[PDB]
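Reviewing the structure listed below.
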Amino acid sequence: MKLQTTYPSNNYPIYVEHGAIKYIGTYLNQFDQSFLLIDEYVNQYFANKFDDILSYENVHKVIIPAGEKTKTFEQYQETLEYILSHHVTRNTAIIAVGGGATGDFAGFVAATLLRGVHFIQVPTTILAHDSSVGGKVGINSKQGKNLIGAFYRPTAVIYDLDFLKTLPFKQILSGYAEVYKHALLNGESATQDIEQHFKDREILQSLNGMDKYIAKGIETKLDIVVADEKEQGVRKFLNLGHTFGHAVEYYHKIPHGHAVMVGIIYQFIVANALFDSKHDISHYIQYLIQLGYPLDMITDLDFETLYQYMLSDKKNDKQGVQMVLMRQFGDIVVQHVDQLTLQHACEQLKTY
Ligand SMILES: O=C(O)[C@]1(O)C[C@H](CP(=O)(O)O)[C@@H](O)[C@H](O)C1
Ligand SMILES: [Zn+2]
């Protein structure tokens, strides 16, 4: 399945197939050079996977830190300086091969190399069905996740759906949180429909019918990003449950999806607190348990530290904290949420 961003100028493809890993080479030699940034663990896993195209005269393998441990200022310099020492050109390409983390990083590298070079997204996780589309790249700060980065359109995205066969459950759950989020955004139908298909752990864990809920996720985003690339309003909707989520992920150091799920239920808690959309909290809470989500850190949360982090959030203004709330499937709204709600929603979410 091939897709394409419908922007005015410079648009990119997105190959979502079970052999998409082949679509790499139709580019490699049309670039003076190519630098393959690959996660340190992904590199072990798929040792020869990328020899068919790496044993070339242009391609060089660059091994960065595993996941979120690469998204730092320090690594940014090293990797860039290392790269440049190869007398590159403005027509070089950066091939990201790994999770969302190696993707954000390689992307921020590519986006700033000689003021911008070529970028090829090659996701290998479920969560990266999300992170590889939209052009958002970057690293982390001492203040929070993704606080330095940029909007840079990749030349093309290549999502080989065969990489899911090696994903551990902890990452299925993690990636599933984004597949589920796009669903919540797709309406009461798509939610209860995906909730109906992926009923419990064993279903998810098996991954049957996943190939479908991913393509549906990618599409759903491709729409919000083409329609509002610079997050000038609507794209703020992909941030569903990330306000609290990003705070739990950074401070509690738990997987992105896991935090997002917890960020989701908390968001409903607020949508009650304010609009009183009367959300079935007991429903969502349970559905997560079945799927197999941990929920052990729920008790170790801490409104105080999370709140201060929540002030770094990229959606706020001078007025204070800001969240993406759901009032009804098809009625998502963004707005201020003073410490009040955040004081009694982190405690009502503790009720569980
Ligand atoms: O607009 C996007 O691409 C996102 O909102 C981007 C966020 C990252 P941000 O909140 O740091 O921009 C990502 O976590 C989410 O899954 C999708
Ligand atoms: Zn996310």
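Here the Cβ of each residue, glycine as well, is placed from N, Cα and C on the backbone.
According to DSSP, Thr166 (NAD(+) binding site) is assigned to a helical segment. Counting only residues at least six positions away in the same chain, the Cβ atoms of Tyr45 sit under 8 Å from the Cβ of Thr166 (NAD(+) binding site). Summarising the annotation, Swiss-Prot assigns NAD(+) binding site to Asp39, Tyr45, 68-71, 100-104, 124-125, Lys136, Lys145, 163-166.
The local packing around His242 (Zn(2+) binding site), expressed as other Cβ atoms within 10 Å of its Cβ over all shown chains, amounts to 26. Residues annotated as Zn(2+) binding site in Swiss-Prot: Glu178, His242, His256.
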Listed in sequence order, residues with CB under 8 A of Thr125 (NAD(+) binding site) and six or more positions away: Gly98, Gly99, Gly100, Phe163, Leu164, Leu167, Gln171, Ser174, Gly175
Those binding-site residues listed as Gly100, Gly103, and which of them has the most Cβ atoms within 10 Å of its own Cβ: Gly103
Secondary structure at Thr125 (NAD(+) binding site), reduced by DSSP to three states: coil
